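**Q** A single structure is presented below for examination.
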Amino acid sequence: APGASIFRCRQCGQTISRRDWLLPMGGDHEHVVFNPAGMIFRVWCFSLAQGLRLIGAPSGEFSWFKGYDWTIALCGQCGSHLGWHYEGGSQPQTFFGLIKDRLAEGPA
Ligand SMILES: O=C1CC[C@]2(CC(c3ccccc3[N+](=O)[O-])=NO2)C(=O)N1
Ligand SMILES: [Zn+2]
Numbered sequence: 016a017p018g019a020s021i022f023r024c025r026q027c028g029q030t031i032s033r034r035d036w037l038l039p040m041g042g043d044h045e046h047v048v049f050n051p052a053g054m055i056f057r058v059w060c061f062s063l064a065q066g067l068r069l070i071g072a073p074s075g076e077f078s079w080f081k082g083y084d085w086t087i088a089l090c091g092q093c094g095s096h097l098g099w100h101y102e103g104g105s106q107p108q109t110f111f112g113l114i115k116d117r118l119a120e121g122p123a
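For the sequence shown, the entry's author numbering puts the final residue at 123, and the numbers step up evenly by one.
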């Protein structure tokens, strides 16, 4: 009866990811970054996610991860901005960077 195994959208409950899918990119699953507007994000990297809607085509502009292009990842249910999908890189080619405090963790 694990209580901390699934991540859901904090706004609506959409199933998004799993603790088992956390990915230590450069040795840590947690990365703290700012966008050009100075907004701080505490980002968890996941090998896999579901329930998102990836918006538009990838961009390398101001990418926080060397060699990856990003696409905005909304909650596919409620449209909450949950993070980014990264692609175009190497080992791995793709991953998800999700904003920790926009998810809720709970039982399967
Ligand atoms: O890895 C990333 C993804 C999020 C982003 C990219 C970004 C941005 C940069 C240029 C144009 C538009 C956007 N946007 O997210 O809408 N703002 O924050 C950033 O700085 N780095
Ligand atoms: Zn949602």
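For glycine and all other residues, C-beta sits at the position ideal for the given N, C-alpha and C.
Give every residue whose Cβ lies closer than 6 Å to any heavy atom of ligand 2, listed in chain order.
**A** Checking every Cβ against the heavy atoms of ligand 2 under 6 Å gives 24, 26, 27, 29, 90, 92, 93, 95.
**Q** When every heavy atom of ligand 1 is checked, does at least one fall within less than 6 Å of the C-beta of residue 85?
**A** Here residue 85 refers to the residue found at position 70 when the sequence shown is read from its first residue. Result yes, Cβ under 6 Å from ligand 1.
**Q** Return the CA-CA distance between residue 21 and residue 77, expressed in angstroms with no decimal places.
**A** Against the sequence shown, residue 21 aligns to sequence position 6. Against the sequence shown, residue 77 aligns to sequence position 62. Spanning the two alpha carbons is a distance of roughly 30 Å.
**Q** Just how far apart, CA to CA, sit residue 23 and residue 60?
**A** Counting from 1 along the sequence shown, the entry for residue 23 is found at position 8. Counting from 1 along the sequence shown, the entry for residue 60 is found at position 45. One C-alpha to the other measures close to 15 Å.
**Q** Any idea if residue 97 is buried or exposed, counting beta-carbon neighbours within 10 angstroms, 16 or more meaning buried?
**A** Here the question's residue 97 lines up with position 82 in the sequence shown. The residue is buried, with at least 16 neighbouring Cβ atoms inside 10 Å.
**Q** Please find out if some non-hydrogen atom of ligand 1 comes closer than 6 Å to the beta-carbon of residue 79.
**A** Along the sequence shown, read from residue 1 onward, the residue named residue 79 stands at position 64. Checking the Cβ of residue 79 against ligand 1 gives yes.
**Q** Need the endpoints of the beta strand (DSSP E) that residue 45 sits in, please.
**A** Here residue 45 refers to the residue found at position 30 of the sequence shown. Looking at the DSSP string, the run of the beta strand (DSSP E) that includes residue 45 is 45-49.
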